[PDB]
Amino acid sequence: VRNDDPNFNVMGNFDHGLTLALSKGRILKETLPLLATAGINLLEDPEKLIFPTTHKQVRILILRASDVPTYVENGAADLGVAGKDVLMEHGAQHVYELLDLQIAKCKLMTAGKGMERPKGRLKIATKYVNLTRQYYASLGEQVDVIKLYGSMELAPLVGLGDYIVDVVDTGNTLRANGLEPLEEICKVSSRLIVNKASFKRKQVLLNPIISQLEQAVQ
Amino acid sequence: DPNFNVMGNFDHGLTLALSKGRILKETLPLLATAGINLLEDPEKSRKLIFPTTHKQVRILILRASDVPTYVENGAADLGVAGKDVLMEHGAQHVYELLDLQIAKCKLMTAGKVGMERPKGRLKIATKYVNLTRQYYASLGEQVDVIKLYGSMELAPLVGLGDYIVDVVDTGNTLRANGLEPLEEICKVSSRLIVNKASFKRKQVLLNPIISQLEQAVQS
Amino acid sequence: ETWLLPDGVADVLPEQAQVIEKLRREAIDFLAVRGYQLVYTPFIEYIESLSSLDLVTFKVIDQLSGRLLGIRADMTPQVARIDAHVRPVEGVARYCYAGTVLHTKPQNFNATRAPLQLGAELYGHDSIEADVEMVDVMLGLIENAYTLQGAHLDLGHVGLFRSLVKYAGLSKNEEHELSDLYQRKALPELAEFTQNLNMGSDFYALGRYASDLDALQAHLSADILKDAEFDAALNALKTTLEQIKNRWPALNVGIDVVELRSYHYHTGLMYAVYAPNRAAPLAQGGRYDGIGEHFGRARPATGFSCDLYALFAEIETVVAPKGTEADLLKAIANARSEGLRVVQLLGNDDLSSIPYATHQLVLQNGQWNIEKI
Amino acid sequence: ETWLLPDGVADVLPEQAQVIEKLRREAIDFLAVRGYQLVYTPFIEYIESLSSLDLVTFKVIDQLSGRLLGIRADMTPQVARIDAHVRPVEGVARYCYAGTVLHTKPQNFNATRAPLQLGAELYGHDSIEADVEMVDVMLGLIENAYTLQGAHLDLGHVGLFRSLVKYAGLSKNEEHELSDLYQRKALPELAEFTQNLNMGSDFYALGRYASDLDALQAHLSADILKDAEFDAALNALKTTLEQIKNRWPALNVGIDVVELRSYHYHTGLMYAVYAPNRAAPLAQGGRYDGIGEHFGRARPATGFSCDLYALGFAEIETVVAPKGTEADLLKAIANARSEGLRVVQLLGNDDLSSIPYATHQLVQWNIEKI
Amino acid sequence: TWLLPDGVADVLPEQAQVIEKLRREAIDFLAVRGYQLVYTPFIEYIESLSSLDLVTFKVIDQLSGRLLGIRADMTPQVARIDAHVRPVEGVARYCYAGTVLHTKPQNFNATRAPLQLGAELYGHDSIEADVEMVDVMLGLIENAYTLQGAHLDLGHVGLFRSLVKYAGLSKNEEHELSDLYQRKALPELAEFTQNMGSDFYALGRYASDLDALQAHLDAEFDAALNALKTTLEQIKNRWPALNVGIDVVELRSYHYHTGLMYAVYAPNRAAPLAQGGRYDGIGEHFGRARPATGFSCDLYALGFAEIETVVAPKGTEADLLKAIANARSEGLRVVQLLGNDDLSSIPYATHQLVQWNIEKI
Amino acid sequence: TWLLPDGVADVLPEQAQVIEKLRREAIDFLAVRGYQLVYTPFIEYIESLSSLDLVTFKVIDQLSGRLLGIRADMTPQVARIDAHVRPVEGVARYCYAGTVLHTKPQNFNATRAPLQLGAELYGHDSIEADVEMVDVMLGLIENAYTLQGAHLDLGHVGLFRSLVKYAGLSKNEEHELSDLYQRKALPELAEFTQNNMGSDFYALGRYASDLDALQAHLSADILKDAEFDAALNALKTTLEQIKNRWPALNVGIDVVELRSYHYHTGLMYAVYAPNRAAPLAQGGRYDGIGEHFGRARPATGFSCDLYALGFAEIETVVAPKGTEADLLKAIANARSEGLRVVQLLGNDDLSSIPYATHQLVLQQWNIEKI
Ligand code: NA
Ligand code: NA
Ligand code: NA
Ligand code: NA
């Protein structure tokens, strides 16, 4: 089970093992210590495409966060770590969300400029098109949306939206640009998602690793 | 003045949307030729609207994906975007006035070195869903696509696609992971795009700035 | 979620409705007195009739014929049918319309899939003067409805491009490819496409100096300036630019000789009005001779349209008590006669049954009066 | 045949349009000053919203959601949605509308698949007085638009039938079967169906003596007359008949206690206006409490609608002036247009024959007939 | 102008030969086990196809004015047949193999037009009907393809349903739980379960392990558990080389499933090769309520060699026609040259007829 | 709730067995004659299915926003395959067998969902391709069913087309004539041909069934025309060869059979049977059918409704429950020979399978009739 070779071959077919997809950046940082408790460590600095681990039947992918649910649901990864925001916006129907890893905590919120409430149908700028619609629907409301990928705080300042929906941590980026957080839509944290087929047929390998990650978190 | 007020309504002036990172670096010297400079370092600030040495020009720093959106909607009067991003978004609602000849690369197909073409309909992994379809259509061909946002070289290795469509510069990332560049779809570089309404009604302000950017590039 | 409306679709509630309705009537009337006769076009037609000029048209099967219908996306081709077949007036004809059109997806950065299209059509006059009237009418209507303060008129003319295509002997594929390049003003691609193209430097000039007639005429070859049809199109534009600038000195006017929106059915002058902080024009129109030829006789035609929503105060309501006493009904009738909105309390309802009430009809010293609160 | 319109669909050309437009505005305005606030409803909605109360609705797929849309066939349920959810006014509310609705096939012996539906809705008042207002408004609007000369008002009340169904303990299937028989007034079948039905002679009486309150009360059992709810419905009808007869002494008013059109969502008074040599009424309405409950809050509601083409073509006069921008000429044109005259100028080298429908000329500048 | 819609493709001859052969052998494998082939309608009134949504293509019937659908799934159609059209007084077995259409691809499928093959067993209550069906499904996959490295996932909705009943949960609570289980959203499940909430949580946490489940936890619940345990044993017996697993909160289409759940997964595939279940009373919408269990698969998922063609010269000489007929009799694909065509008119030719003999090249 | 739409039916097991067997044998009969099976798409963009209708069901594609059709006819689809998808440089042969949908029944058919089987021969210009196809069509009908009392109708559109060319008729005249001929409306045809080369046009309709009588009444002008004479020879040669190959088959002529004249370019062929208005099978030469999709290809082919060439009961063997080797062995041997065998389930007795015809019983395990 142990492996110390950094150039251990983990290429091609890996149906016998687990392909673990990690979000790059902050989620990676907070995830790697947890994984260590399950005897899964990298043998190289990523910043220095598929990576082997200290476990011979586990290999790691480092993806953009958006791709993690895609890879997991399609079975290109057996399991992955994604923000609750990303998961729920993508659609969570084709994966299992087994663990709250309780890392990268933030809040999905509405936000705006003492702006007067506008008269007609509100326009929301967001990358979270679906979550925006569900939230407003829960209030008995419906909105126009413009999908943006970044610099969400700009949208109200140049008239692309009346309000935004975005993740808020410190909320300093907002205060900086004359915006304020308004309503909390939900609490967000990183989650361990598993491909359904993988979960059903790879219990022997998954069950102990999942249990160890659980212990590590609590 | 670095804190010159450029907030709120700016219909009297130009709102310039720049892609962050490399495009910003190569764009700023060109803009300097038109008397447009930042008065602080973006990378060490959190704010996203910047004044300039020109009172009727303010700058937004956007993710590249948002530049066409902002420009076509008129939230920016003009912007700098890669030909790849522009054409994938759809270029019908802006004017592409200048090739700035920066951030040059190629949009290409790519796959595992020497792999035989599979039978049946190909699956392409790409962030360029529309450009992929147009390219294959030009060959009299039709494909399945899976939209991904990054690390495109991974897709063939984990069976998400038979081939990829992606921008290729050095092409070393490909060679590294056992892929090779195949066909060149088009040459890619950063472009100056202009909102149509802005172009029509702000000639007085645009025309000299555009001309100066043009001159700057020719050298 | 049973109350949910589809995306791009909204109620027009009373506050907004009052403003739009008033705007609708005054626009129709402004057109009426200038000779433009109101028509109502059908909401549904056979798809071929609505598509003579799309993905944008909603499509449904006609149970009576088995043929495919469309919901109107644009009334321009409908009025063309009326002028071409239904009312074949032997002479000049003027019509207008104001009604909802439906789009399968929002067009022109619009919020709504259901814009309120108002427009006008002038059939049966060949010369540029018909276009001058229409431009003048469009501007007049916008001024009447809204304001031309800080507005911008963009004038074009497709005859320039079309003439140069003819003189250079370009194929249809080449012509179509150019029109795409111009409409995107993709000047780098235009450079490459025109290099080894016959008369290519004039084609490039047309795109590079699209906004400036002087700079354009300086960079154009004497060959093309000498061409009768090119020169006629240029004169037509120059004369229009002068007359409109005269009639509307407070209006900003610009030129764009490679504005080629819907080039395939436009045949002359192009005209649109833009406003501050709006990507989409307030109104756009053009010369489109023979637009109705699909339906019968080929007719010279020019016209424009706008979304009326692009051009919401509270409502005052007077509450009177229940009753049918003559002096009370009289006072109610006089009030209603002056255009006031008056209701009577029902049954045992008190004034709190009408919480949006702004005024009361109350008997003071033996006479019925309207007072606030 | 490229000019062909679909069956039941026509242009409204200028002569007719002028009349209908004028009629449309005056009707909206007549309602406005009586407190009925104009709204425009959506032309398309999710099918479930338009179907809360069928074959008549045109259906299309929404590309954005994948859900089925309908084109509005009737604005009544739409305004109900507005009152129930969009504008939840805490009190009485009045709205009106005037717009095209589409039917997959002509309804109500109509020529058109595209009638111009005008209507009014009164929400938030329980008592019969709301219905009296609405009947009064409907009549007033018809009188304003057209004429009530030789018109006939048919008043009904579904509470009579509904009350008797309740008291007799009939099942839903029995109730539904009866409502069909009554709506066809199929009295031979009704005789058979009410034989060996509990309280069947009252059910038969309701159909046989539908037009005559006196003759009905004589043939009804004391059991049903004593029933609180039946008697309340009867009183509600009798009081309405009296008040309306007072307000409109020249109007013929009749009764039909088994008028049960759309029984399933009507809950009280029924009212329609008929005219000579027309099968279809000029206008029809009713009490329909809780019509908007599908969408949110349950609201008392009563209202009517009509086809505006049924209440509705003279020639148009046009003045022709010569081409020019001389101040005195433009001045005369402007004054004429100010008075509501339709004035055009000749274009280019066109003479007066370019405007063959010209009735007048501008020729000091004066208007004379041609 | 040659463009096909997304998710729609020709099946050209090389692939068609393989799929056609596969189609026939599957039908025949079912036939000899008593499953009678039917063709279901391609179009029906929408209510008939929707008795169990967005996936169905919808068109108006000009004859009635009612909305039709194109079949997305034949399961409810055969239910109609068994419930109304052929009300057989006893056990009935049917199968089908045909295109179904989806407005958008389902189950990570490439095609909007999968070739759905399936089987239905009506009229037997006991668990043994499910055992047959599982056995038939496995047998058909083995016949068509291979069970090498395959995994059978067995479930049973009666466990969850029984616990819902015993705990007295409302329909809204039951519906909310079923969503949480189907996503196995255990963090949300913890919060939502905090009456008998610890058993509801246990059902999700220990879904894969009967022993661990029974340690962390009623006639009906026990009957469901026995039904699963008995099935697990019999199937493990009949198929010793097959991996079998458990998931007691597999609740796909919970609303119409009433017992055992069964699906077969394969290496490097998100979508199962085949899935089925017990769905008693599936046809009650159409008439009589009937015990029913069945499965289906996409035949393209169980599925391209070249085709050999013999070219003979033009002619109607008896000895030549005779040789052609004998060749065709042996199942060879033979064509004759037309007019003055030479052999280059058939560039895909593999063999020649030239006594008349067949030779390569 | 059980109601199927008009023209739509289940194919239940008794009929299904017959049709399935018929389907396979037809495909296989074609296969060994070089016709390669393809499956065409059930849905396509409407323009692709309409390159040659009211008959096509139409739906919106949510992915593109474009209009789709459900296939009504596979002929244009295989044309697309040959023209674009598989541009084989030479002769190509394909076949198909699948449901097509029609918005209303065609050709006096009971079903809106016929099972279309057909074959296509691309890439050979000369008449011999048509002779093969006619021969294949007849062979397939003979194999599937019987040609006893059948009738082959041969035509050729080149005759009419050639005469249209020589006479210099306009497109409107040509179109009007083709309607008159297809209705054989001889009184109208007389009037229409009165006013260029009209007597030959009339002769073509009057003597359509008789080559001798036709050649006698035709002008020497048109007989001398190269293209007309080539078409006539093409028909005469086909009539002779087919009469030779199939001496027991009735063969007729109709030179003004012009079904779908617009895309047919040569020989026409159909097979009729006793007491049937619709032919069992019909085909023709249609060069360039696929030009819409790419390369212009010579093409000829036919199709039929397989239900028209088509219900005995099914035999089922019932064995007891069990997994004893000798029992399973006997079951397996039976199934190996193509018998339908089931085992009793649980405590079920033989009455659980009421349609049982045979039993497996221990006498060694034997099959005996019930
Ligand atoms: Na127009
Ligand atoms: Na109403
Ligand atoms: Na099934
Ligand atoms: Na055919």
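For the numbers below, each heavy atom of this structure counts, side chains included, while hydrogens, waters and symmetry mates do not. Naming convention: chains lettered A, B, ... in sequence-line order (proteins, then strands); numbering from 1 in each chain. When a ligand or atom number is given, it counts from 1 through the structure's own listing order.
- Put simply, the residue from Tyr288(D), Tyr36(D), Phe304(D) that forms a side-chain contact (heavy atoms from CB on, under 4.5 Å) with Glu121(D) is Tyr288(D).
- Of all the N, O or S atoms in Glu120(E), the one closest to the Na ion (ligand 3) is OE2.
- Taking 3.0 Å as the criterion, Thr76(D) counts as a coordinating residue of the Na ion (ligand 2), since one of its N, O or S atoms falls below it.
- When OH of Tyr97(D) and OH of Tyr288(D) are joined through the Na ion (ligand 2), the resulting angle is 130° to the nearest 10°.
- For the residue pair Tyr39(F)/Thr99(E), the side-chain donor-acceptor check at 3.5 Å is not satisfied.
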For this session: Apply salt bridge (charged side-chain N to carboxylate O under 4.0 Å, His left out) to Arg80(F) and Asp82(F), showing your working.
Result: CA-CA 5 Å; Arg80(F) 173 178 51 61; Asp82(F) 176 76; over 6 Å; no
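- Proximity of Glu44(E) to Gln77(E): side-chain heavy atoms (C-beta onward) are separated by under 4.5 Å at one or more points.
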